[PDB]
Every structure is written in C-alpha cells, then in structure tokens.
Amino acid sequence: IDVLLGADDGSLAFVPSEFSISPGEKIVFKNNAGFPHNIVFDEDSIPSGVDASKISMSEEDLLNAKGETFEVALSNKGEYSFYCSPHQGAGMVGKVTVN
C-alpha cells in the first residue's frame, strides 16, 4: 500500500491516514509534498510486545527529497498509531490496523 507524505495540494497529511492491512504487506511511505517528513510509530500506541524501532524512523531521521520512501511491513495484529514528527501538531498523523 502506498501512502503519500503530504497531499497533492500541499496539506501536511498522510494519504491515506487510516487504513488496514494484512500481516507482511508492504507499506511504502513516499515523500510527496511539504517534505522533509518522517514516519514514527508511537511506542505507546502499537500492539503489545512490538518493537517500535523495527518499524519506525527515529524522530531525528528525515526523508529529505521528493519520492524518497520508507518501507515497512507489520506483522503483529492490532492498531498502530503513527505520526510525522515535525508535523505532528499540524495534524500529520495516522493509524494502521493490521488484521
């Protein structure tokens, strides 16, 4: 599943921001507009026992250039909240459900 980092109108959003997948299916987060961006899973809002570091950028890391990507596949079932660290307060957040 491709997820744009920044909408095509420049909005600071993941597109889509709420979605479901299956265990092992690629999420490709792609820099689109308003970058730099990153993708950080909230370590307090992911499934029990999941290591956020295996699936997240650090907050200090950035995708700098248009078209740069961060790929992740999620294993464990449940809800995972994530955000772009520099744009979290602007509303650049999302939630993926592995089911």
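Residue indices: 1-based, along the sequence shown.
According to the PDB record, 16 to 24 carries the higher mean C-alpha B-factor of the two stretches 78 to 86 and 16 to 24. Compared with the other modelled residues of the chain, the Cα B-factor recorded for residue 38 ranks in the lowest third. Sort the modelled residues of the chain by CA B factor and residue 62 lands in the middle third. The entry lists a Cα temperature factor for residue 5 that places it in the lowest third of the chain's modelled residues. Among the modelled residues of its chain, residue 52 has a C-alpha B-factor that falls in the middle third according to the deposited record.
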